[PDB]
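Form deposited in one PDB entry, single chain, as structure tokens, below.
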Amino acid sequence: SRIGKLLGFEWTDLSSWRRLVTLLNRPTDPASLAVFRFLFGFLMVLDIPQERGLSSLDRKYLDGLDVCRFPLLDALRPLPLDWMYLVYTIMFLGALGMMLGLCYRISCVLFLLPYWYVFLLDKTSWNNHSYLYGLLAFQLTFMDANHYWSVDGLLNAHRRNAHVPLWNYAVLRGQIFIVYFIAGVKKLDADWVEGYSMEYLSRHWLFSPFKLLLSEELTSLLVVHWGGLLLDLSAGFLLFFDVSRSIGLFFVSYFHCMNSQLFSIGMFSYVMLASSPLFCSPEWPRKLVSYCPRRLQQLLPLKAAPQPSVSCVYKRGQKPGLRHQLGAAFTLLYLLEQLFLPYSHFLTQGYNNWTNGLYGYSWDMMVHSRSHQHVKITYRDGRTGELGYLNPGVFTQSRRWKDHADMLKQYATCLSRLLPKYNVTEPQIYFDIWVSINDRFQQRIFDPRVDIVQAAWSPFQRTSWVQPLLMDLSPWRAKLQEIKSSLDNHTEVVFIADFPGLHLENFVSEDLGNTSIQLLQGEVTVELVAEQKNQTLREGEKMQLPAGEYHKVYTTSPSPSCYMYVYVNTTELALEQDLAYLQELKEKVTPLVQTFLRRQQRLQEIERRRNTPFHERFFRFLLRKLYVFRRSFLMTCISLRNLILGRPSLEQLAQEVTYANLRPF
């Protein structure tokens, strides 16, 4: 009927389980599935040395390193460095087998298990694209993607140009739609709609055409935010329907190319570019091969019509077998779970914090931008009682713990187990972290008065020591920007919102001369700790602050107060004046001369970087990528030899390591 030509199936095919399973296991062309499989395998092969961390395993999983790691399950621990290299080797072999369709089921498992082990090993490495890679591997494990353009077809029949169940394409297309649509629904957030998430992205030269017609402020709203939201919302619908598939392909390809050249998101854009032709006809690669403008189809895969495969249900009775029922059930359950998981944060409230859920599985890319002003990790020794302070992120290899109560709890537990080594036993560790999400007032995300080490965190309970994001102060942001615009090139402002009963102890460095605090809303008592002087501020009152001395801003209002710090960094200002004097002296022609020389060298380097021709920057990029891949391979070989043939002498290990890190050119 009309829906049959529009949806690719009939309503009668959803009448019962038999009809639905016959539909989902309908014989489809394996060509598009195979091409996506090859592209995904190739992109994962390239992604393993770059994003996964094969080129930085020795810097990450170094043995003997005292490091706070953030696994999803605290019982999940990394293997020794050599065994981590073996795990990455297995992942690489699995990705290569997926790319070539060689031992496809085994290769899919060999990529899937190490990939998800690494993914769950660190919650701070989670991205929406990394989660997408894991999802695509999980699906492609159960798909017959080796039925075309694969070595599995060259090695054994019944898989060479053989039909695949329709549910393979159904699940892949459903996953891609889900990514697009749930991305759009997450971008329905007020910060994205109002233009707050990425208002500095339109400054990129790639947005120059729109700047011809739209202003910079209008380009960021209409094109980056409204355009991006509209693209995400309508991408799946455009790609699905045939009449709009061409325009949807063009729009989606433009979106992904721009995202590839705008963000360092690894292979995300290329993965979605490869996934876009999944919505096309399954025989599109077969059509391209059949065209053969250069008559190169001998090297290209088979162009003949696919052979019948037992994976599909052929209408004739031919009732579906168990594998077809499992395929249909997998399609339904997997798509339901993929629609539900981005919205399952009502269940796992221990990961909610400000932005609900762990980052990585909600398709909320680039919606929430965080700017952290300060992080104070206070500790109190349980035996001595002496108060001490830690370097923020001292033992962490990432900084995501600053935004998550789960990762903060893990960090505090790791600190409580490590700090006895550094003479601090039974540490009561408090975290005072100031975060501003989407250009809001900087405010504490966690309670600074609570000992996280002993604080209660549960995976399914809302965290009591997470400070609520002051959304009622969101309208202030516009005014904030005005203030930021009113300042000079030598003046800086920090906008701080503090909760009642909480105080901000701030040491203004001696460099920051001419610093002042202006109360924007509420009331704050500023205490000159050094002078022990209390001054209550009214809304709009400006108080000068002493440099090189402590001061404590207590929020005495019943409601959260808002103030700003206007500081100049007058040491740098005097340095600039002296540098201008030196510049005038040079034009007429100790430490200040050294600073002038350093500034001149920096300017010369900046000029030289732009002076590099586009072929030179590209060749530098190729050399950097070649070095990364070579180092990955060589350290992998070192660790594999250490595992099979044993670790050689320390001198020989040093020689091999210094050979691995040697630049190719």
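Between two forms, the rigid core is defined as the largest C-alpha subset superposing within 1.5 Å. One rule holds for the numbers: they count along the sequence shown, beginning at 1.
Another form exists, deposited in another entry; not displayed. Remarks below refer to it.
Chemist: So that I can tell if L120 moves, could you say whether its C-alpha shifts by at least 2 Å between the shown form and the other one after the core superposition?
Modeler: For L120, whose C-alpha is compared between the shown form and the other one after core superposition, the shift is less than 2 Å.
Chemist: After the core is overlaid between the shown form and the other one, has the C-alpha of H129 moved by 2 angstroms or more?
Modeler: Where the cores coincide, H129 shows only a C-alpha shift between the shown form and the other one that is less than 2 Å.
Chemist: Look at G266 and decide if its Cα position differs by 2 Å or more between the shown form and the other one after superposing on the rigid core.
Modeler: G266: C-alpha displaced by less than 2 Å between the shown form and the other one.
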